[PDB]
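**Student:** quick one, fold the following:
(chains A, B and C)
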Amino acid sequence: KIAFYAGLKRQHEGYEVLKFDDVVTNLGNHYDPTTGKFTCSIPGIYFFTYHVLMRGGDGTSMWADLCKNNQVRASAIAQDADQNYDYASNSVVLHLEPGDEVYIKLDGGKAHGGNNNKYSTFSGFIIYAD
Amino acid sequence: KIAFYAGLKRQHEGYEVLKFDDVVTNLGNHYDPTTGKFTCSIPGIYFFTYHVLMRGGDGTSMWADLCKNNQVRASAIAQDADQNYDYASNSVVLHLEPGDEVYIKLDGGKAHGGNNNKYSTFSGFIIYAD
Amino acid sequence: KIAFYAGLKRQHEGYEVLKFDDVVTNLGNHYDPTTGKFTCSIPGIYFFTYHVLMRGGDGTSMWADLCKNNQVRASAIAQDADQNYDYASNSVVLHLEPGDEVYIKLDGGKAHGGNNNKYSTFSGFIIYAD
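**Tutor:** Numbers count the residues shown, from 1 in each chain, chains lettered A, B, ... in the order given. Next up is the structure itself:
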């Protein structure tokens, strides 16, 4: 059984892997909140989704991408000229090999740092094992 | 087999459980459109997702949270200074026990009341049984 | 095994089926990038999700709906008075019969044409077989 769901506890900005550290579900401990990475243990087909809230009242654009190893597999942007809250969100279905790392990367701009309110999230689960 | 998908038929505002009453899928009848609640029947791991459209032309912020019993498990905001339509959406993976109730709560602001167009939605399914 | 994920390679506008032609996953080849349609091969219960990015700097509203055959099953709008990027996104769980076609239709407005960056996406997988 492989599934996880975590939220962002702190605010972040710039270009970095987002460490979702408010962990709600983590079957098999394949998601690591100290790195923000899900590491594949079984070859197969996996679903992932993310929702990253842009900071409000400070900035107009924010990008958040889902990556596999060093490669973008989905991109998203939040943008609002009046500096309103808005989301960069996307979903994927990927084939993974053992060792592959899946994570969300901030690619410019500012992310809201909810404490335990889980505004910004990352989840995933295996659909098929090879 | 446990899975459901429903849309909002009427417009709502304030602080209340959203009753998605345009039911498209409801395997096992574990979602109740008269309460807006999914009730767990089997201990296990469940995926849920929601997309709630803020009313356009009347208001600037709207919040919608996914709850388990009396506890927030995901939060979302829609915000636009020019009163444009925008979405409060999120997704989760949760462990549930029989009797647990999962639902979307409006937490301030105004939600669009599509009739049968299914702009605002709530869906879920079991991933694993314990 | 039935699952797929694809992104939009080109920009589109108006009223047309969106052809997600940047195919990442397509188990069983049930998604056709030349038509934009997923065709059901097995009766059962299926999850789909989509995220369509509105073009920035040219227009204020865009609609994108998920359809089954000739019927809307989910609707979404992106809207921003300052012509900012924003998303029309939704998710569904549907019962399908063999031959049923599921696709995303642009229903007015302008969609961003990312090349291989996968800003705009469509994915799905079977949950249950009848």
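
**Student:** centre-most residue in chain A?
**Tutor:** Taking CA atoms, centre = their mean, the centroid of chain A lies closest to residue A:104, which sits 3.6 Å from it.

**Student:** contact residues of chain A facing chain C?
**Tutor:** A:45, A:47, A:49, A:60-61, A:72-82, A:86-87, A:89-95, A:127-128 (CB under 8 Å from any CB of the partner chain). To be clear about C-beta, it is placed using only N, CA and C from the backbone, and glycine gets the same treatment.

**Student:** just the buried ones from the residues you listed, in ChimeraX syntax?
**Tutor:** Command for ChimeraX that selects the buried part of the residues of chain A next to chain C, burial taken from 16 or more other CB atoms under 10 Å in any protein chain shown:
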select /A:45,47,49,60,61,73,74,75,76,77,78,79,80,82,86,87,89,90,91,92,93,94,95,127,128
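
**Student:** still on that earlier bit, tell me which helix or strand the residue nearest to the centre of chain A sits in.
**Tutor:** Using DSSP states H and E, residue A:104 sits within strand A:101-111.

**Student:** what are the buried residues along that strand?
**Tutor:** In terms of neighbour count (16+ other CB under 10 Å), strand A:101-111 has its buried residues at A:101-107, A:109-111.

**Student:** how about stretch A:9-27?
**Tutor:** A:9, A:12, A:18-20, A:22, A:24-27.

**Student:** and the nearest residue to residue A:34 once chain neighbours are set aside, what does it touch?
**Tutor:** Counting by CB to CB, 6 or more residues apart in numbering or on different chains, the nearest residue to residue A:34 once its immediate chain neighbours are dropped is residue A:19, at 7.1 Å. Neighbouring residues of residue A:19 by CB atoms under 8 Å, 6 or more residues apart in numbering or on different chains: A:8, A:10, A:12, A:33-36.

**Student:** relative to chain C, how far out is residue A:19?
**Tutor:** Going from residue A:19 to chain C by CB to the nearest CB, to the nearest Å gives 23 Å.

**Student:** just residue A:110 next, same as before
**Tutor:** In terms of CB to the nearest CB, residue A:110 sits 16 Å off from chain C.

**Student:** picking that back up, from the contacts of residue A:19, pick the one nearest chain B.
**Tutor:** In terms of CB to the nearest CB, no member of the contacts of residue A:19 lies closer to chain B than residue A:8, at 11.1 Å.

**Student:** who touches that closest one in this structure?
**Tutor:** By CB under 8 Å, 6+ apart, the contact set of residue A:8 is A:18-22, A:52, A:111-114, A:118-121.

**Student:** from the centre of chain A, give me the residue that's furthest out.
**Tutor:** Quick read of chain A (CA atoms, centre = their mean): farthest out is residue A:82, 25.1 Å.

**Student:** direction included, what does the strand or helix carrying residue A:65 pair against?
**Tutor:** Element membership of residue A:65, judged by DSSP H and E, is strand A:61-68. Strand A:61-68 pairs in its sheet with strand A:71-79 (antiparallel), strand A:101-111 (antiparallel), by DSSP bridges.

**Student:** going on from the last one, what's the next piece of helix or strand?
**Tutor:** When you say that, I think you mean strand A:101-111. Next along from strand A:101-111, by DSSP H and E: strand A:121-129.

**Student:** now for that following strand, which elements pack on it?
**Tutor:** Where contact means 3 or more CB pairs under 8 Å, 6 or more residues apart in numbering or on different chains; DSSP states H and E, strand A:121-129 is packed against strand A:3-7, strand A:44-53, strand A:101-111, strand B:44-53, strand B:87-96.

**Student:** could you dump the ones you listed to a markdown table with distance to residue B:68?
**Tutor:** Output for these, formatted as a markdown table (distance: least, CB to CB, whole Å):
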| stretch | distance to residue B:68 |
| --- | --- |
| strand A:3-7 | 12 |
| strand A:44-53 | 18 |
| strand A:101-111 | 24 |
| strand B:44-53 | 9 |
| strand B:87-96 | 6 |
